[PDB]
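What follows is a single structure, written as structure tokens, with notes after it.
Heavy-atom basis, side chains included; hydrogens, waters and symmetry copies ignored. Counting starts at 1 for both ligands and their atoms, in listed order. Quick note: residue numbers are just sequence positions, from 1.
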Amino acid sequence: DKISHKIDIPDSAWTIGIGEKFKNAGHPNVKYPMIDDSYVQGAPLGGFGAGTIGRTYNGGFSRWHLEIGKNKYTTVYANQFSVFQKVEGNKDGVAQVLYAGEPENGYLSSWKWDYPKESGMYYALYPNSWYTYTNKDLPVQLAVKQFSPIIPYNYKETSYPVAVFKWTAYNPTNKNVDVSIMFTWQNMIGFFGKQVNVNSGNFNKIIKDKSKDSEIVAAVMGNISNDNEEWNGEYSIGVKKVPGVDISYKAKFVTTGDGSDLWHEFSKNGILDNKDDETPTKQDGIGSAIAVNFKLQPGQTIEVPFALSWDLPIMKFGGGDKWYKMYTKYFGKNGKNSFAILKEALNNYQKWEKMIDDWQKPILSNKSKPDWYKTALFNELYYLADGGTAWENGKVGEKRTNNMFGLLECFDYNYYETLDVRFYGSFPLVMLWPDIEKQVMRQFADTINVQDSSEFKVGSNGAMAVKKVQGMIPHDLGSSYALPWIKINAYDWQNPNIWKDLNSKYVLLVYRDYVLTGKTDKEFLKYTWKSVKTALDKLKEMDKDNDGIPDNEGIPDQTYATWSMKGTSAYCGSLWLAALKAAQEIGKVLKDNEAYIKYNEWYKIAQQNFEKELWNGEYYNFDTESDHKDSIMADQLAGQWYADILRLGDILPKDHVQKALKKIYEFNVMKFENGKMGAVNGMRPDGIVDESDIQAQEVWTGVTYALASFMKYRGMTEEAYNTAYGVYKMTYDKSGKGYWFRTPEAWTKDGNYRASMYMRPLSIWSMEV
Ligand SMILES: OC[C@H]1O[C@@H](O[C@H]2[C@H](O)[C@@H](O)[C@H](O)O[C@@H]2CO)[C@H](O)[C@@H](O)[C@@H]1O
Ligand SMILES: [Ca+2]
């Protein structure tokens, strides 16, 4: 491995061998159907709202999120990098596809498949990933750095449907070596969004752009149609010329054939025919090929950049709504702009690299933090781009001031911006992309007073209920199978209009966003104030016994729905206390003196009653009226956790909070599988897991990272990192269950999971407040 010294892979990068098998991978622990795409994953490529492409550690372009809100796992085998090498003075060379595997069907059989094991590594520190190629039969060693320009406080490049592949090649041998690197890409127009004739009209063309300081050669893969539809647009691949390399290309080869039309050229001398065949296809799959060839003298290094772009301007949801994607603001909406995007990337990727280094460096250079934590902190951010992200730039067939945004809860539970989940999972947005965060919360503000009197069938019991109640915050802002932003509350399994935590979390989220963006944005507080007051006032009406706190009703009425709460609960109670104190402070800032006085009286009354009803001398009871009331909940003081973040001070006595957290650490962590798997949600005071409901027996990844941050703020440094460590281990480590780049909501004692690719674990960013 002489190539690793010649590139800058950080030590915290997640690593695995190319072609490595993994023996202990977990699977779903529920009886209903649930996604399991295996452990062959990688860091995604593509910006926010662009649609993402998951290239795996084996090198395949396999996890497709280009259809916004859908997860499609299938390797498009034609999409590859391939290498040709010949030692100078030798008659023949070798050619090899850089993919640890082979096609299932008989297509592309003439290509050299099955990149051997123990011959290279994959590395990932999102948004960067790397492949190294160190193979006995390849004299020249190769590495590629691949990324998309995901940059905090940048809402432009961060949106781009683009990837850069910066190759580095080094000759450690005593002889000159001829080397070719080739990028193949299938014309994927019609891969989604066409019932019939999936390839028909597809055509490829070569573009050459020589502009003194920059020669670029690119294949543009489009369609003859000018239909402005979900499926139509362009993919492009290309390369920038550098000193000492020459470029060759093949505009059209058949992907639904044996491949020899391309391979017989490339495997001969690593040089292609430069044939520019623009004729459309009818039934055959087609693709393009871009290759560079060069000669490396002994000890010589060369760097050559490739790029990939996809101009697919329109997203369509299942309800029929068609929206333009965010990036269209910068490149246009007509779907004929893939080359412009690619050219931007090939001429600016070095700037983008430095911008990425600039925002990672403060964390990476802090040597007081262990590398494992950085691996998790950065790689968890995969979900921002990969979570079915929707970022609109106008509805198809119409100007507008704001660009609505949606991140999914997950693909199995296909709901945009699920509020109770985003309470934990929105930390990276507020901290790194605050304008997006604020926009999402204004979307929620705008839903508060919406009334939908028509009824729906509640799935868990069968009872009918009102869709959307005035003054109650929605569970979500819709589904990709229906109408995001328009038809809210797509979730019907329970009735969110009776939930006791959503209104509180909403208020806490509003004030969080003000506090963590510098306490300067009064306009944001003004925009949201009516909704805040309404939300707390409607929740006050659910106080039955007149203790000043909303009553949980012993039925599904909060986040932990099936692990029911009754009476005053630690969870909803603490959130209520914190929300009231947050409302007080907004009151003071906006000079709404009556609101201030009101919420202050409500706060003091509820605070006293909370302490009296729930403090047992060691921790806070789960609730007042359940069968499982003395259970130790991991999330018992969620309100106080947010109050620390919001700099709202002590809603509960310091001494009591400290004891509760020590108890949670002693029990929920260290008495659950030796504290190597996170915090189990519920534990009985006898040191046995609360078995009243499945949820209680689950570790929730995002709850645990949140709990770690809470411990950290309260000076429990060792406990915080030990708690978080178990979540890292399960996700990323060889001893875990192989959930890298698909971190689930939950696992049980056995390490099997529920709901892979989940928003909540983004809560790890709360540890950086
Ligand atoms: O995991 C907590 C999370 O649950 C989500 O509801 C799931 C539920 O967990 C599952 O048991 C059921 O079969 O499916 C529903 C989705 O329809 C819920 O969306 C979240 O609010 C909650 O945080
Ligand atoms: Ca009450």
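- Close approach of ligand 1 to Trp700 (heavy-atom distance below 4.0 Å) involves ligand atoms 1 (O), 2 (C).
- Within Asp547, the N, O or S atom at minimum distance from the Ca ion (ligand 2) carries the name OD1.
- Using modelled atom types and a 3.5 Å distance limit, the side chains of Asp547 and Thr568 yield a donor-acceptor pair.
- In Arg760, the part holding a heavy atom less than 4.0 Å from any atom of ligand 1 is the side chain.
- Atom NZ of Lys540 has more than 12 neighbouring heavy atoms from other residues, nucleotides or ligands inside a 6.0 Å radius.
- Counting atoms of ligand 1 from 1 in the listed order, those under 4.0 Å from a heavy atom of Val421 are 23 (O).
- Distance from atom 12 (C) of ligand 1 to its nearest protein heavy atom, with residue and atom name: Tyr32 OH, 4.1 Å.
- Of all atoms in ligand 1, listed by their number and element, those nearer than 4.0 Å to a heavy atom of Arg754 are 1 (O), 9 (O).
- At a heavy-atom cutoff of 4.0 Å, ligand 1 is contacted by the side chain of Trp499 but not by its backbone.
- The aromatic rings of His656 and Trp615 lie parallel to each other, their planes meeting at an angle below 30°, with 60° marking the opposite boundary.
- In this structure, atom 17 (O) of ligand 1 lies nearest to the protein heavy atom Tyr415 OH, 3.0 Å.
- Taking atom 23 (O) of ligand 1 as the reference point, the nearest protein heavy-atom neighbour is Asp420 OD2, 2.6 Å.
- In terms of N/O distances under 3.5 Å, ligand 1 is approached by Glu745.
- A donor atom on one side chain and an acceptor atom on the other are not found under 3.5 Å apart for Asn489 and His475.
- Of all N, O or S atoms in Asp543, the one lying closest to the Ca ion (ligand 2) is OD1.
- No cation-pi contact links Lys629 to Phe622, judged by a cut-off of 6.0 Å to the six-membered ring centre and 45° from its axis.
- Remark: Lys70 is positioned above the aromatic ring of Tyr481, its terminal NZ or CZ atom under 6.0 angstrom from the ring centre and at most 45 degrees off the axis.
- For the pair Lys737 and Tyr739, the cation-pi test (distance below 6.0 Å, angle within 45°) is failed.
- Interatomic distance, CG of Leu407 versus CG of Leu762, reported as 7.0 Å (0.5 Å rounding).
- When every heavy atom of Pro44 is checked against every heavy atom of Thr52, the shortest pair comes out as CB-CB, 4.2 Å.
- Of the heavy atoms in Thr418, only side-chain atoms (C-beta onward) come closer than 4.0 Å to ligand 1.
- A side-chain N or O of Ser426 and one of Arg512 form a donor-acceptor pair less than 3.5 Å apart.
- When you scan the N, O or S atoms of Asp545 for the one nearest the Ca ion (ligand 2), you land on OD1.
- Counting only non-hydrogen atoms, the option in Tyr491, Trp563, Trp493 that gets closest to atom 6 (O) of ligand 1 is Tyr491.
- Geometrically, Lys505 engages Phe423 in a cation-pi contact defined by less than 6.0 Å to the ring centre and at most 45° from the axis.
- Distance check for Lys544 against the Ca ion (ligand 2): none of its N/O/S atoms falls below 3.0 Å.
- With hydrogens and angles left out, the side-chain atoms of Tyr424 and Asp635 include a donor and acceptor closer than 3.5 Å.
- With respect to the Ca ion (ligand 2), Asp551 has OD1 as its nearest N, O or S atom.
- With hydrogens left out, the protein atom closest to atom 20 (C) of ligand 1 is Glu409 OE2, 3.4 Å, a heavy atom.
- Here is the list of ligand 1 atoms found below 4.0 Å of a heavy atom in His475: 18 (C), 19 (O), 20 (C), 21 (O).
- The closest heavy-atom contact to atom 3 (C) of ligand 1, among the options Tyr413, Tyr424, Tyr560, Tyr758, comes from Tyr758.
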